[PDB]
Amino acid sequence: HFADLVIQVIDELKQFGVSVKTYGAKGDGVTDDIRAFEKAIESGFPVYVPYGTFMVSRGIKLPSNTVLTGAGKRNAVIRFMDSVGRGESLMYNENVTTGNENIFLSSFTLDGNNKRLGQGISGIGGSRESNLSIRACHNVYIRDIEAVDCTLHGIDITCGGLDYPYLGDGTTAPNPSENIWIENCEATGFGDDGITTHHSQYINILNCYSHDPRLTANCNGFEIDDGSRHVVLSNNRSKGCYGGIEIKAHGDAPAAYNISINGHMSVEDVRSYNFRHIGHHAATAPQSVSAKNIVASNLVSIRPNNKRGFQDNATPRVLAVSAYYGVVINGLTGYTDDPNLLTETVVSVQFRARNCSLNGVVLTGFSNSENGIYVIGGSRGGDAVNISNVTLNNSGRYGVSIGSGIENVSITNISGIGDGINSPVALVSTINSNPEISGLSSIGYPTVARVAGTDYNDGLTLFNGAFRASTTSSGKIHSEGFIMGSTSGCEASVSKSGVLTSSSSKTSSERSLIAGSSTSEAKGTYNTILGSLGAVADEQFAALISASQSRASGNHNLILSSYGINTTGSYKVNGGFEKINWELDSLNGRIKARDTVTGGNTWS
């Protein structure tokens, strides 16, 4: 009774808040301590969990304004008893349907004791049976928690209700969680996902470690799932999962949107980064109206593989994007030391993914994979894929491959070493005839660029649309036209028309060229105007060379070395000065001079 008096004095000091041991907890790894937790938690004081293994016969419910802190991971341990049945998460907020506010959890281990159920078992339904489930809550800070041997997830942030709602694409579920911080947490040995979000927003997941699920279904390190939005993940690590970071939805739910990945390291996952929207992948399916806005940077992928046979032996990826609009990837390094682990495609952008950008990519060691980067589109309006500053080190028989359905591709500054690849084919390959391409460099690929079946092995620069260079202003240029090295006032307004080295000169002539000229105009077809001033060619095949103030208006009518004449004859070459003065008549075989025609001349 002396020790009990001393303890009473210590308890009253409340150095940490109130200890659970003050309310009767033993933390001996045997005794049911649930009532002690419930009493401390309802007391209104911040609650402290000291050293021990605190056994619990039912889930710990958290009310609003809870502070629960432990002595640390693997120091304060909270654990389900062997006798606990099915249906409850180990720790969760009390108001399951409308939520709670202001919950601060730090520094302990949650052990779900999934072992007690035998092997091969996951959550019984919906969000039930995670180690930590946060439903419809606002202002939740989760820090330095280790979640171990979990039946469903390690840590799950979701909307109100025990079930996950499936309300269809383009919806938002009632009672989201909001303002959540998950930092320095670890999740392992889970049945589904390590750390996951559903139908919630304004979430930061920082410096966490999720690894080694028990099962081999859709078991992801970080799963930003159905209904999520406005989430930042940064400096996390995943290991040995299906997806490292998955961002998705099911077919009957809205995809996660506006998600930022500010650095991540994926170790030996199947698909390190896996962004998708089930049910919105097929050509005959609707486009997702929710799968939009992902910005990911400083992404690391190491030895992706499917040794464990996740998802019925799904093929490995460094990055897989499907369904999503507006994905921006900057700074990606994929590395492997075993060429047989991933043999299909290292990076894929397919299945209705659109308006995606990849910049600053290094892929090394994928020497038995068919494709480094493989993009397939749907001939959708306003689509684009931009791939720039990519370096491939023995990665991909096709380094960058662009398939069907892609009309707008920009591929710039790609370099590749192919010497160590098993049967390399081409650094860059394109199905469409009009990719935009520049800055290719390679060694050990038999072909550098293959564009719609034509090989380019000595450098390539391809640009699309109306073209203009070395010209500070101009009028209209047709998409099959150009103006170069010209001063103001020029136009090339029809298919196959162009102006070079001229001033104030215009062509509306299909199949035409004006060069070295001023104030000249071509307006027929098959027109040529060269080194001329105030020249007009206005009939089919009409042309002028070294002419001033002259108009060629005849069919196949050419004017040479002339000033101030207008000609109209068919198949005639003419010259003159204020009046026509000679003619070579190809039609009738006549030669005519205004003055004399003579032989026996000398030029001195």
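Note that residue numbering follows the sequence shown and begins at 1.
For the pair 545-553 and 41-49, the mean Cα B-factor is higher in 41-49. Higher mean CA B-factor, judged across 431-439 and 90-98 from the recorded values: 90-98. Per the deposited coordinates, the residue with the largest Cα temperature factor out of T284, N220, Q350, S200 is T284. Highest CA B-factor among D383, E268, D193, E480, as stated in the entry: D383. Per the PDB record, residue ranking by Cα B-factor puts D149 in the highest third of the chain.
When the CA B factors of the chain's modelled residues are split into thirds, the value for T454 lands in the highest one. Residue-level temperature factors show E491 in the middle third of its chain, judged at the C-alpha atom. Per the PDB record, residue ranking by Cα B-factor puts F577 in the middle third of the chain.
Compared with the other modelled residues of the chain, the Cα B-factor recorded for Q540 ranks in the lowest third.
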